[PDB]
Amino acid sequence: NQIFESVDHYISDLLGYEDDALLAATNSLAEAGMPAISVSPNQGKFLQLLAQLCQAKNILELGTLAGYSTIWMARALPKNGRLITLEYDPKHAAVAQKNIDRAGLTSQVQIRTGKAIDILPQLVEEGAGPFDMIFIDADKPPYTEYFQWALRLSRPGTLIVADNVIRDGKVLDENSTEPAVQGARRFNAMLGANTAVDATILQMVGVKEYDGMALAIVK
């Protein structure tokens, strides 16, 4: 439906201004054959505000892409704050690095290249946590296991956000053949069973396909 796109433009015209660095991060996707699946401008503003509510000094992100979400959240940090972002595809990591450098965030953002499931245990061994806010936005089948590692890297009060857990309502389909839909359903079931967090799922509409984000606070 057109109405959600029109209302998103109305909102971003008021409260979703994008500077050159964010517009250049979006423009970088097509040039590198990367999917146009960044958070929307209004979702970026929302993640920035959540980071401010957390008084975030240390943020962990799974799934960098071009660093669009990364720039929004890193801009909530104090100058001595750090965002670690994990990216499997070396092409995406190099594009994201250029975009972070253009944004003047080189000293605040560490891009680690590799599988999230390989790097998360390294972060625990290094004592990189606890993170004030964790954004889970990589491949979807392992969301459930990514959340278990996120808890190992959390403090009481840590906010864990997981993107793309509604998928146009396809999570209602118990017989879905789509691995990302199966991954979201398994993650959502895990969150429903979890005693370590208070959580909800926010349905989200706008310029992107109908979807949702899970928000979880570590008790």
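Residue numbers here begin at 1 and follow the sequence given.
Peer 1: In at least one third of the other PDB entries compared, is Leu151 left unmodelled?
Peer 2: No, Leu151 is modelled in every one of the other compared entries that cover both of its flanks.
Peer 1: At least a third of the other compared entries: do they leave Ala36 without coordinates?
Peer 2: yes, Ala36 frequently unmodelled elsewhere, at least a third of entries.
Peer 1: Comparing 173-181 with 186-194, where is the mean C-alpha B-factor higher?
Peer 2: According to the entry, 173-181 carries the higher average C-alpha B-factor.
Peer 1: Determine, for stretches 98-106 and 120-128, which one has the higher mean CA B-factor as deposited.
Peer 2: Result of the comparison: 120-128.
Peer 1: Among the candidates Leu65, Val161, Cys54, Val165, give the one with the maximum CA B-factor reported in the record.
Peer 2: Each of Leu65, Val161, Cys54, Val165 was compared by C-alpha B-factor; the highest is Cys54.
Peer 1: Among the candidates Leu60, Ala32, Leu153, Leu47, give the one with the maximum CA B-factor reported in the record.
Peer 2: In the PDB entry, the greatest C-alpha B-factor among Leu60, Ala32, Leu153, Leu47 is found at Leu153.
Peer 1: Is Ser38 in the lowest, middle or highest third of its chain when residues are ranked by C-alpha B-factor?
Peer 2: Lowest third - that is where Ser38 ends up once the chain's C-alpha B-factors are sorted.
Peer 1: Ordered by C-alpha B-factor within the chain, which third holds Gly114? Give me lowest, middle or highest, please.
Peer 2: Highest third - that is where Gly114 ends up once the chain's C-alpha B-factors are sorted.
Peer 1: Which third, lowest, middle or highest, does the C-alpha temperature factor of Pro142 belong to within its own chain?
Peer 2: Within its chain, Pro142 is a lowest-third residue by C-alpha B-factor, going by the deposited values.
Peer 1: Classify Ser28 as lowest, middle or highest third according to the C-alpha B-factor given in the PDB entry, relative to its own chain.
Peer 2: Middle third of the chain for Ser28's C-alpha B-factor.
Peer 1: State the tercile, meaning the lowest, middle or highest third, of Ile217 with respect to the CA B-factors recorded for its chain.
Peer 2: For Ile217, whose C-alpha B-factor we compare with every modelled residue in the chain, the answer is the middle third.
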